[PDB]
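Visitor: Dropping in entry04.cif, which is mmCIF, N, CA and C atoms:
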```
data_work
#
loop_
_atom_site.label_atom_id
_atom_site.label_comp_id
_atom_site.auth_asym_id
_atom_site.auth_seq_id
_atom_site.Cartn_x
_atom_site.Cartn_y
_atom_site.Cartn_z
N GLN A 4078 -17.16 12.53 15.39
CA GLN A 4078 -17.03 13.92 15.84
C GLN A 4078 -18.41 14.54 16.06
N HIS A 4079 -18.97 14.31 17.24
CA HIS A 4079 -20.18 14.99 17.70
C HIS A 4079 -19.90 15.77 18.97
N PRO A 4080 -19.75 17.10 18.92
CA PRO A 4080 -19.76 17.87 20.17
C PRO A 4080 -21.10 17.77 20.88
N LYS A 4081 -21.24 18.41 22.04
CA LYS A 4081 -22.35 18.12 22.95
C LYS A 4081 -22.36 16.63 23.29
N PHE A 4082 -21.17 16.11 23.56
CA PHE A 4082 -20.94 14.73 23.95
C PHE A 4082 -20.32 14.80 25.34
N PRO A 4083 -21.09 14.61 26.42
CA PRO A 4083 -20.53 14.81 27.76
C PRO A 4083 -19.30 13.97 28.03
N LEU A 4084 -18.36 14.57 28.75
CA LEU A 4084 -17.00 14.09 28.89
C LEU A 4084 -16.80 13.19 30.08
N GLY A 4085 -17.87 12.58 30.59
CA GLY A 4085 -17.71 11.64 31.69
C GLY A 4085 -16.77 10.51 31.33
N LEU A 4086 -16.95 9.92 30.14
CA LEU A 4086 -16.03 8.89 29.67
C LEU A 4086 -14.85 9.47 28.91
N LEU A 4087 -14.99 10.65 28.30
CA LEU A 4087 -13.83 11.26 27.66
C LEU A 4087 -12.76 11.57 28.69
N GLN A 4088 -13.17 11.88 29.92
CA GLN A 4088 -12.22 12.11 31.01
C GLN A 4088 -11.61 10.83 31.54
N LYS A 4089 -12.22 9.67 31.27
CA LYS A 4089 -11.77 8.38 31.79
C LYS A 4089 -11.99 7.36 30.68
N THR A 4090 -10.98 7.18 29.84
CA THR A 4090 -10.99 6.17 28.78
C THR A 4090 -9.62 6.15 28.12
N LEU A 4091 -9.50 5.34 27.07
CA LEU A 4091 -8.31 5.23 26.23
C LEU A 4091 -8.68 5.61 24.81
N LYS A 4092 -8.02 6.63 24.27
CA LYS A 4092 -8.37 7.19 22.98
C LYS A 4092 -7.37 6.72 21.93
N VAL A 4093 -7.89 6.21 20.81
CA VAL A 4093 -7.05 5.69 19.74
C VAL A 4093 -7.65 6.12 18.40
N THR A 4094 -6.76 6.39 17.45
CA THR A 4094 -7.10 6.89 16.13
C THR A 4094 -6.61 5.91 15.08
N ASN A 4095 -7.46 5.58 14.11
CA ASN A 4095 -7.12 4.60 13.08
C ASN A 4095 -7.54 5.10 11.69
N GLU A 4096 -7.19 6.34 11.37
CA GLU A 4096 -7.24 6.77 9.98
C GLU A 4096 -6.04 6.18 9.22
N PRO A 4097 -6.15 6.02 7.90
CA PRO A 4097 -5.10 5.29 7.18
C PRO A 4097 -3.79 6.06 7.18
N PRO A 4098 -2.65 5.38 7.05
CA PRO A 4098 -1.36 6.07 7.20
C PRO A 4098 -1.09 7.03 6.06
N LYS A 4099 -0.20 7.98 6.33
CA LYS A 4099 0.03 9.06 5.38
C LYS A 4099 0.98 8.64 4.26
N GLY A 4100 2.23 8.33 4.61
CA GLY A 4100 3.26 8.19 3.61
C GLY A 4100 3.05 6.99 2.71
N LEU A 4101 3.69 7.05 1.54
CA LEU A 4101 3.65 5.91 0.62
C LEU A 4101 4.22 4.67 1.28
N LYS A 4102 5.41 4.78 1.87
CA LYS A 4102 5.96 3.66 2.62
C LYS A 4102 5.08 3.31 3.81
N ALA A 4103 4.45 4.31 4.43
CA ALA A 4103 3.60 4.03 5.59
C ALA A 4103 2.41 3.16 5.21
N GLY A 4104 1.66 3.58 4.19
CA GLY A 4104 0.55 2.78 3.74
C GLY A 4104 0.99 1.43 3.20
N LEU A 4105 2.11 1.41 2.49
CA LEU A 4105 2.62 0.16 1.95
C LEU A 4105 2.96 -0.82 3.07
N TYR A 4106 3.63 -0.33 4.12
CA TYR A 4106 4.00 -1.17 5.24
C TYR A 4106 2.76 -1.69 5.96
N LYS A 4107 1.80 -0.79 6.21
CA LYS A 4107 0.57 -1.22 6.87
C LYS A 4107 -0.10 -2.31 6.07
N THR A 4108 -0.25 -2.10 4.76
CA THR A 4108 -0.83 -3.12 3.89
C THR A 4108 -0.05 -4.42 3.99
N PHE A 4109 1.26 -4.32 4.15
CA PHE A 4109 2.09 -5.49 4.40
C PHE A 4109 2.01 -5.97 5.84
N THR A 4110 1.10 -5.41 6.65
CA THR A 4110 0.69 -6.01 7.91
C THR A 4110 -0.84 -6.06 8.02
N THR A 4111 -1.53 -6.42 6.93
CA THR A 4111 -2.96 -6.73 6.97
C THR A 4111 -3.23 -8.18 6.58
N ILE A 4112 -2.84 -8.58 5.38
CA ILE A 4112 -3.12 -9.90 4.84
C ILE A 4112 -1.77 -10.51 4.50
N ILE A 4113 -1.17 -11.18 5.48
CA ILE A 4113 0.24 -11.53 5.43
C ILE A 4113 0.45 -12.88 6.10
N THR A 4114 1.50 -13.57 5.68
CA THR A 4114 2.10 -14.74 6.32
C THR A 4114 1.29 -16.02 6.09
N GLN A 4115 0.07 -15.95 5.55
CA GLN A 4115 -0.61 -17.16 5.08
C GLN A 4115 -1.22 -16.92 3.70
N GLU A 4116 -1.61 -15.68 3.40
CA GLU A 4116 -1.76 -15.30 2.01
C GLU A 4116 -0.42 -15.39 1.30
N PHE A 4117 0.60 -14.75 1.88
CA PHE A 4117 1.93 -14.76 1.28
C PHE A 4117 2.52 -16.16 1.27
N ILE A 4118 2.38 -16.91 2.37
CA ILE A 4118 3.13 -18.16 2.48
C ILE A 4118 2.43 -19.29 1.72
N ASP A 4119 1.10 -19.31 1.71
CA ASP A 4119 0.40 -20.22 0.80
C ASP A 4119 0.66 -19.75 -0.62
N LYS A 4120 1.56 -20.42 -1.34
CA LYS A 4120 1.75 -20.14 -2.76
C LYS A 4120 1.59 -21.36 -3.65
N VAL A 4121 2.40 -22.41 -3.48
CA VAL A 4121 2.65 -23.41 -4.52
C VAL A 4121 3.20 -22.79 -5.81
N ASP A 4122 3.68 -21.54 -5.77
CA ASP A 4122 4.40 -20.93 -6.87
C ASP A 4122 5.11 -19.67 -6.38
N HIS A 4123 6.44 -19.68 -6.38
CA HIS A 4123 7.20 -18.48 -6.04
C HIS A 4123 7.33 -17.51 -7.21
N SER A 4124 6.93 -17.90 -8.42
CA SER A 4124 7.31 -17.15 -9.60
C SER A 4124 6.27 -16.13 -10.05
N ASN A 4125 5.10 -16.61 -10.46
CA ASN A 4125 4.16 -15.75 -11.18
C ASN A 4125 3.31 -14.93 -10.22
N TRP A 4126 2.51 -15.61 -9.42
CA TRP A 4126 1.48 -14.91 -8.67
C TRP A 4126 2.02 -14.21 -7.44
N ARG A 4127 3.22 -14.57 -6.98
CA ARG A 4127 3.98 -13.68 -6.10
C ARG A 4127 4.13 -12.31 -6.74
N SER A 4128 4.55 -12.30 -8.01
CA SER A 4128 4.70 -11.05 -8.73
C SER A 4128 3.35 -10.35 -8.89
N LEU A 4129 2.28 -11.12 -9.09
CA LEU A 4129 0.97 -10.49 -9.20
C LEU A 4129 0.56 -9.82 -7.89
N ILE A 4130 0.81 -10.47 -6.75
CA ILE A 4130 0.53 -9.83 -5.47
C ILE A 4130 1.28 -8.51 -5.39
N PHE A 4131 2.57 -8.55 -5.72
CA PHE A 4131 3.38 -7.34 -5.57
C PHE A 4131 2.86 -6.23 -6.48
N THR A 4132 2.49 -6.58 -7.71
CA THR A 4132 1.91 -5.61 -8.63
C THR A 4132 0.66 -4.97 -8.03
N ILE A 4133 -0.29 -5.80 -7.59
CA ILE A 4133 -1.57 -5.26 -7.15
C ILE A 4133 -1.39 -4.42 -5.89
N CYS A 4134 -0.51 -4.87 -4.99
CA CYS A 4134 -0.27 -4.10 -3.77
C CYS A 4134 0.32 -2.73 -4.09
N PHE A 4135 1.29 -2.69 -5.00
CA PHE A 4135 1.88 -1.41 -5.38
C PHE A 4135 0.85 -0.52 -6.06
N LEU A 4136 0.02 -1.10 -6.93
CA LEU A 4136 -1.05 -0.34 -7.58
C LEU A 4136 -1.96 0.30 -6.54
N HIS A 4137 -2.40 -0.51 -5.58
CA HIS A 4137 -3.24 -0.04 -4.48
C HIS A 4137 -2.62 1.17 -3.81
N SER A 4138 -1.37 1.02 -3.37
CA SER A 4138 -0.74 2.07 -2.60
C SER A 4138 -0.46 3.32 -3.42
N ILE A 4139 -0.35 3.19 -4.74
CA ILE A 4139 -0.11 4.36 -5.58
C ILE A 4139 -1.41 5.12 -5.84
N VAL A 4140 -2.45 4.40 -6.28
CA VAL A 4140 -3.67 5.10 -6.66
C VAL A 4140 -4.33 5.71 -5.44
N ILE A 4141 -4.18 5.10 -4.27
CA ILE A 4141 -4.73 5.72 -3.07
C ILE A 4141 -4.04 7.05 -2.81
N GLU A 4142 -2.72 7.07 -2.89
CA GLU A 4142 -1.96 8.25 -2.49
C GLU A 4142 -1.99 9.34 -3.54
N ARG A 4143 -2.41 9.02 -4.77
CA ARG A 4143 -2.48 10.05 -5.81
C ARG A 4143 -3.34 11.24 -5.39
N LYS A 4144 -4.36 11.02 -4.56
CA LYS A 4144 -5.32 12.08 -4.24
C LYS A 4144 -4.71 13.23 -3.45
N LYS A 4145 -3.51 13.06 -2.91
CA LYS A 4145 -2.89 14.09 -2.07
C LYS A 4145 -2.83 15.44 -2.77
N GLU B 4214 -10.61 5.92 -18.00
CA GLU B 4214 -9.47 5.69 -18.87
C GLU B 4214 -8.17 6.07 -18.18
N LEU B 4215 -8.21 7.02 -17.24
CA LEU B 4215 -7.01 7.31 -16.46
C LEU B 4215 -6.55 6.07 -15.70
N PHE B 4216 -7.49 5.40 -15.04
CA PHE B 4216 -7.15 4.21 -14.28
C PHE B 4216 -6.74 3.07 -15.20
N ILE B 4217 -7.37 2.95 -16.38
CA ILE B 4217 -6.92 1.95 -17.35
C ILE B 4217 -5.47 2.23 -17.75
N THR B 4218 -5.12 3.51 -17.91
CA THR B 4218 -3.75 3.85 -18.27
C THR B 4218 -2.78 3.42 -17.18
N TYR B 4219 -3.13 3.68 -15.91
CA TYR B 4219 -2.28 3.23 -14.82
C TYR B 4219 -2.09 1.72 -14.88
N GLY B 4220 -3.17 0.99 -15.16
CA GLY B 4220 -3.05 -0.44 -15.35
C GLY B 4220 -2.07 -0.79 -16.45
N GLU B 4221 -2.17 -0.11 -17.59
CA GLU B 4221 -1.27 -0.36 -18.71
C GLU B 4221 0.19 -0.17 -18.29
N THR B 4222 0.50 0.98 -17.71
CA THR B 4222 1.90 1.29 -17.47
C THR B 4222 2.49 0.44 -16.36
N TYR B 4223 1.69 0.03 -15.37
CA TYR B 4223 2.26 -0.72 -14.26
C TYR B 4223 2.28 -2.22 -14.52
N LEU B 4224 1.20 -2.79 -15.06
CA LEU B 4224 1.21 -4.23 -15.34
C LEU B 4224 2.20 -4.58 -16.44
N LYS B 4225 2.32 -3.72 -17.45
CA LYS B 4225 3.17 -3.85 -18.63
C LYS B 4225 2.60 -4.83 -19.66
N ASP B 4226 1.50 -5.54 -19.36
CA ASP B 4226 0.96 -6.66 -20.14
C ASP B 4226 1.87 -7.89 -20.11
N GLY B 4227 2.81 -7.97 -19.17
CA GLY B 4227 3.58 -9.18 -19.02
C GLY B 4227 4.44 -9.13 -17.78
N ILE B 4228 4.75 -10.31 -17.27
CA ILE B 4228 5.65 -10.46 -16.12
C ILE B 4228 7.03 -10.71 -16.73
N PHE B 4229 7.78 -9.62 -16.87
CA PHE B 4229 9.11 -9.67 -17.47
C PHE B 4229 10.03 -10.67 -16.77
N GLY B 4230 10.07 -10.63 -15.44
CA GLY B 4230 11.03 -11.39 -14.66
C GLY B 4230 12.38 -10.72 -14.50
N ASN B 4231 12.82 -9.94 -15.50
CA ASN B 4231 14.10 -9.21 -15.46
C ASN B 4231 13.88 -7.81 -16.05
N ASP B 4232 13.57 -6.84 -15.19
CA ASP B 4232 13.48 -5.45 -15.62
C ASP B 4232 13.43 -4.56 -14.39
N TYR B 4233 13.71 -3.28 -14.61
CA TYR B 4233 13.74 -2.27 -13.55
C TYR B 4233 12.44 -1.48 -13.58
N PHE B 4234 11.67 -1.60 -12.50
CA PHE B 4234 10.45 -0.83 -12.34
C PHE B 4234 10.78 0.66 -12.35
N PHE B 4235 9.88 1.47 -12.91
CA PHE B 4235 10.22 2.83 -13.40
C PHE B 4235 11.03 3.69 -12.43
N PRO B 4252 11.58 2.74 -6.87
CA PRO B 4252 10.88 1.83 -7.78
C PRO B 4252 11.75 0.63 -8.19
N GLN B 4253 11.95 -0.31 -7.27
CA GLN B 4253 12.79 -1.48 -7.48
C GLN B 4253 11.90 -2.71 -7.69
N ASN B 4254 12.53 -3.89 -7.71
CA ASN B 4254 11.84 -5.15 -7.94
C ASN B 4254 12.40 -6.24 -7.05
N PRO B 4255 11.59 -7.25 -6.71
CA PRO B 4255 11.83 -8.02 -5.49
C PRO B 4255 12.64 -9.30 -5.68
N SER B 4256 12.99 -9.90 -4.54
CA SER B 4256 13.33 -11.31 -4.41
C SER B 4256 12.16 -12.01 -3.71
N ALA B 4257 12.33 -13.28 -3.39
CA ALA B 4257 11.21 -14.17 -3.07
C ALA B 4257 11.17 -14.62 -1.61
N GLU B 4258 11.50 -13.73 -0.66
CA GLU B 4258 11.48 -14.06 0.76
C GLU B 4258 10.78 -12.95 1.54
N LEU B 4259 10.22 -13.32 2.70
CA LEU B 4259 9.29 -12.45 3.41
C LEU B 4259 10.01 -11.28 4.07
N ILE B 4260 10.94 -11.58 4.98
CA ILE B 4260 11.72 -10.53 5.62
C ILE B 4260 12.48 -9.71 4.59
N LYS B 4261 12.76 -10.28 3.42
CA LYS B 4261 13.30 -9.47 2.33
C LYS B 4261 12.29 -8.42 1.88
N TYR B 4262 10.99 -8.74 1.87
CA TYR B 4262 10.01 -7.70 1.58
C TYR B 4262 10.02 -6.64 2.67
N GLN B 4263 10.17 -7.05 3.93
CA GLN B 4263 10.25 -6.06 4.99
C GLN B 4263 11.45 -5.13 4.78
N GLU B 4264 12.60 -5.70 4.44
CA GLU B 4264 13.78 -4.88 4.15
C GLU B 4264 13.55 -4.00 2.93
N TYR B 4265 12.92 -4.55 1.89
CA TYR B 4265 12.57 -3.79 0.70
C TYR B 4265 11.80 -2.54 1.09
N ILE B 4266 10.84 -2.69 1.99
CA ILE B 4266 10.16 -1.52 2.52
C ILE B 4266 11.14 -0.62 3.26
N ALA B 4267 12.10 -1.22 3.97
CA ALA B 4267 13.00 -0.42 4.80
C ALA B 4267 13.84 0.53 3.95
N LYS B 4268 14.29 0.08 2.78
CA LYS B 4268 15.13 0.91 1.93
C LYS B 4268 14.35 1.92 1.11
N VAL B 4269 13.02 1.90 1.17
CA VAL B 4269 12.23 2.88 0.42
C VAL B 4269 12.44 4.26 1.03
N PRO B 4270 12.54 5.34 0.24
CA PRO B 4270 12.67 6.67 0.84
C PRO B 4270 11.41 7.08 1.58
N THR B 4271 11.59 8.03 2.51
CA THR B 4271 10.46 8.54 3.28
C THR B 4271 9.59 9.46 2.44
N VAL B 4272 10.17 10.56 1.96
CA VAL B 4272 9.49 11.49 1.06
C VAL B 4272 9.98 11.21 -0.35
N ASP B 4273 9.03 11.03 -1.27
CA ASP B 4273 9.31 10.76 -2.67
C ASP B 4273 9.04 12.03 -3.48
N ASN B 4274 9.18 11.91 -4.80
CA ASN B 4274 8.89 13.00 -5.72
C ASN B 4274 7.81 12.55 -6.70
N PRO B 4275 6.97 13.47 -7.17
CA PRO B 4275 5.74 13.06 -7.85
C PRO B 4275 5.96 12.44 -9.22
N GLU B 4276 7.17 12.52 -9.77
CA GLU B 4276 7.45 11.80 -11.01
C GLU B 4276 7.40 10.29 -10.82
N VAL B 4277 7.38 9.80 -9.58
CA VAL B 4277 7.08 8.39 -9.36
C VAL B 4277 5.71 8.05 -9.91
N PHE B 4278 4.74 8.96 -9.74
CA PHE B 4278 3.42 8.79 -10.31
C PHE B 4278 3.37 9.14 -11.79
N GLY B 4279 4.47 9.63 -12.36
CA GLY B 4279 4.45 10.28 -13.64
C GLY B 4279 4.11 11.75 -13.59
N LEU B 4280 3.78 12.29 -12.42
CA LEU B 4280 3.23 13.64 -12.32
C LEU B 4280 4.33 14.65 -12.03
N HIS B 4281 4.15 15.86 -12.58
CA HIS B 4281 5.21 16.85 -12.63
C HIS B 4281 5.56 17.39 -11.24
#
```
How does this structure look as structure tokens?
Guide:
Amino acid sequence: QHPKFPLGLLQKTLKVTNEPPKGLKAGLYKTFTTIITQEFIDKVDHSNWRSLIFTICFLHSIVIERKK
Amino acid sequence: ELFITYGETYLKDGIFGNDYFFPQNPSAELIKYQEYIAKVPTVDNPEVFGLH
């Protein structure tokens, strides 16, 4: 966000915003589309460390959203 | 110590295998995790965090 930024390209471009998602489910879902399908699928154990992933992911999404 | 407390209450110091998270608990398939997200409510209440 710097004004005094001439709009030659602002008038002709594609604008996209990537601040982190708002809702608890929103951030949780996004996180479930960052490191997925080979982190998740490489296990050699469905029992313990699957649960550890789920724990840490939920912790992440909770402590981030606490600041609201 | 606030963050240590969050660690205490969420990790539990053990992987129970059979218990209700304070907030559900999973099965072991991928699209099931997607559905698990699907059934989560949109707006929650702050007692999920423990907060009033």
Visitor: Mind telling me what the PyMOL selection byres ((chain A) within 7 of (chain B)) catches here, as a list in words?
Guide: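 Applying the PyMOL selection byres ((chain A) within 7 of (chain B)) to the structure shown produces residues 4100, 4101, 4102, 4106, 4123 and 4132 of chain A.
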Visitor: What is the atom N of residue 4136 in chain A to atom C of residue 4093 in chain A distance in Å?
Guide: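 Computing the Euclidean distance for atom N of residue 4136 in chain A and atom C of residue 4093 in chain A yields 27.4 Å.
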Visitor: Return as a list in words the full set of residues in range 4088-4144 of chain A whose backbone-based DSSP assignment is helix (DSSP H, G or I).
Guide: residues 4101, 4102, 4103, 4104, 4105, 4106, 4107, 4108, 4125, 4126, 4127, 4128, 4129, 4130, 4131, 4132, 4133, 4134, 4135, 4136, 4137, 4138, 4139, 4140, 4141 and 4142 of chain A
Visitor: Could you work out an axis-aligned box for range 4264-4273 of chain B, taking every atom the file lists and adding 3 Å on each side, and report centre and edge lengths in Å to one decimal, as JSON?
Guide:
```
{"center_x": 12.1, "center_y": 3.2, "center_z": 0.7, "size_x": 12.1, "size_y": 23.7, "size_z": 14.3}
```
Visitor: Just give me the gap between CA of residue 4105 in chain A and CA of residue 4124 in chain A in Å, one decimal is fine.
Guide: 21.3 Å
Visitor: To one decimal in Å, tell me the separation between CA of residue 4091 in chain A and CA of residue 4112 in chain A.
Guide: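 Those two atoms sit 26.7 Å apart.
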Visitor: Pick out the closest residue to residue 4227 in chain B from this set: A:4134, A:4116, A:4125, A:4142. Count only C-alpha atoms.
Guide: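 Closest candidate: A:4125.
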